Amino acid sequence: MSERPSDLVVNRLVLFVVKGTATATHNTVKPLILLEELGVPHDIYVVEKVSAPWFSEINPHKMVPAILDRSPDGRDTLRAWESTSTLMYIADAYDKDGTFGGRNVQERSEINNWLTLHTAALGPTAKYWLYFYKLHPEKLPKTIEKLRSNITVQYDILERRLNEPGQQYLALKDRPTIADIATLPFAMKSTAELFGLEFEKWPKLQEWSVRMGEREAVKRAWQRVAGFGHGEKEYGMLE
């Protein structure tokens, strides 16, 4: 039980973030979107150093987002880490009716297909693109271009799906799911421009990104995640 900071108490779901940074909030915004959609009571904890031993006991991958929350019976503490895992946990614990998690086996079969496509393909591809483009000490343009090429193939797959009759969202025809929440940050105009792509080439994907973008929970989430650690308090439990 490595000593946690004195202000870290779990009276409700605690979402772990870092100081809002331009282009670096696209994973932390995912669980925040779902919390806002379902109206889940939650706290925000701004982590000063993800390398801190106390945080690695919450998330051994030493990244945000991460979640501490009380168990359903209220006896123990639960944890969720990896952005897709935080969406799965919130849905399981707080999406009673399966509005975002899926109501039956059939709905969940497509939700998990399009969620896992993001988790395995576009997500890690975008992560590696960003790493070799900005973070790696040496510039490897041959690697960068192959990763950019793979993003266009992923956009083609999403575009094909959203060109199917009545398919307004990725998984279900009628409403957005945790599949749509997971994909949005990596499939919108701002991100397409960062990748050096013209988003207009995927018109049904662009229309979908605007339809998701207009949701109040999404607008609230984007505004909040940018501001964390730039308010009255820099690090620790926000008020």
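The numbering used is simple: start at 1 and walk along the sequence shown.
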For this session: Would you determine, from the values in the PDB entry, which of 195 to 203 and 27 to 35 has the greater average C-alpha temperature factor?
Result: 195 to 203
Problem set entry | 71 to 79 set against 154 to 162, stretch whose average Cα temperature factor tops the other in the entry | 71 to 79
Exercise. From 168, 84, 112, 125, can you pick the one with the highest C-alpha B factor in the entry?
Worked result: 168
For this session: Please rank the C-alpha B-factors of the chain's modelled residues and tell me whether residue 133 sits in the lowest, middle or highest third.
Result: highest
Problem set entry | For residue 51, the third of its chain into which the C-alpha B factor falls | highest
Exercise. Sorting the chain's CA B-factors, does residue 143 end up in the lowest, middle or highest third?
Worked result: middle
Problem set entry | B-factor third for the C-alpha atom of residue 12 within its chain | highest
Seminar exercise, completed: Chain thirds by Cα B factor, record data; residue 43 belongs to the middle
